[PDB]
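Student: Below is one structure. I have some questions about it.
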Amino acid sequence: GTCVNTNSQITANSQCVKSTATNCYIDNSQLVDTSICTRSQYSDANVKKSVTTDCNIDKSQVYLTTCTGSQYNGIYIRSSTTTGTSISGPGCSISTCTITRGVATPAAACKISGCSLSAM
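In this text, residue positions in the sequence shown follow PDB author numbering: the first is 2, and each later residue adds one.
Laid out in structure tokens, this is it:
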């Protein structure tokens, strides 16, 4: 029981290991590898070594990513940082980007494909 749970609803079909979830709604998802969940809703998602605050993550996999006030729906995102943005697209894939309110900061390492970026 390596999950530091603070007022979080974590389903049985969910899993929280070596991580912290404060006021989080985790359903059929995994919050693993030193991840930090705060007031975020995880739906059929995988959150690894990531931090999400007031985020709605649905059918997505987030790695080494920090999420603040954002929505992910059916996307894969890594080594990134998004704030106040809605990201969707069945085949959305983002890697090493900084995104604030729907606009991705131009960068060489930032790789984005099959995604729809908008503000929240």
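All C-beta atoms in this analysis are idealised placements derived from N, C-alpha and C, irrespective of residue type, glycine included.
From the DSSP output, in three-state form, read off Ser-81 for me.
Tutor: In this structure, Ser-81 counts as coil in the three-state DSSP scheme.
Student: Go to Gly-92, then tell me how far its beta strand (DSSP E) extends in each direction, as first and last residue.
Tutor: Unbroken beta strand (DSSP E) run through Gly-92: 86-96.
Student: Go through its chain and collect everything with a Cβ distance to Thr-67's Cβ below 6 Å, but skip five positions before and after it.
Tutor: The residues are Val-52, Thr-82.
Student: Decide if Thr-86 is buried, meaning its Cβ has at least 16 other Cβ atoms within 10 Å, or exposed.
Tutor: It is buried - the Cβ of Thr-86 has at least 16 other Cβ atoms within 10 Å.
Student: Between the C-alpha atoms of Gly-115 and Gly-70, what's the straight-line distance to the nearest angstrom?
Tutor: About 21 Å.
Student: If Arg-40 sits next to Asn-24, beta carbons under 8 Å apart, how far is it from one beta carbon to the other, in whole angstroms?
Tutor: With a Cβ gap of about 5 Å, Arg-40 and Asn-24 count as contacting.
Student: Quick check: what's the CA-CA separation for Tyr-43 versus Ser-89?
Tutor: Spanning the two alpha carbons is a distance of roughly 15 Å.
Student: Can you give the Cα-Cα distance for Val-5 and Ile-95, rounded to whole angstroms?
Tutor: Going from the Cα of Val-5 to the Cα of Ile-95 covers about 29 Å.
Student: Among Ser-30, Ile-100, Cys-111, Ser-80, which residue has its Cα nearest to the Cα of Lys-60?
Tutor: Checking every option, the nearest Cα to that of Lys-60 belongs to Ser-30.
Student: Which residues mark the beginning and the end of the beta strand (DSSP E) in which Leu-32 is found?
Tutor: Taken as a continuous stretch (DSSP letters only), the beta strand (DSSP E) holding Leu-32 covers 31-33.
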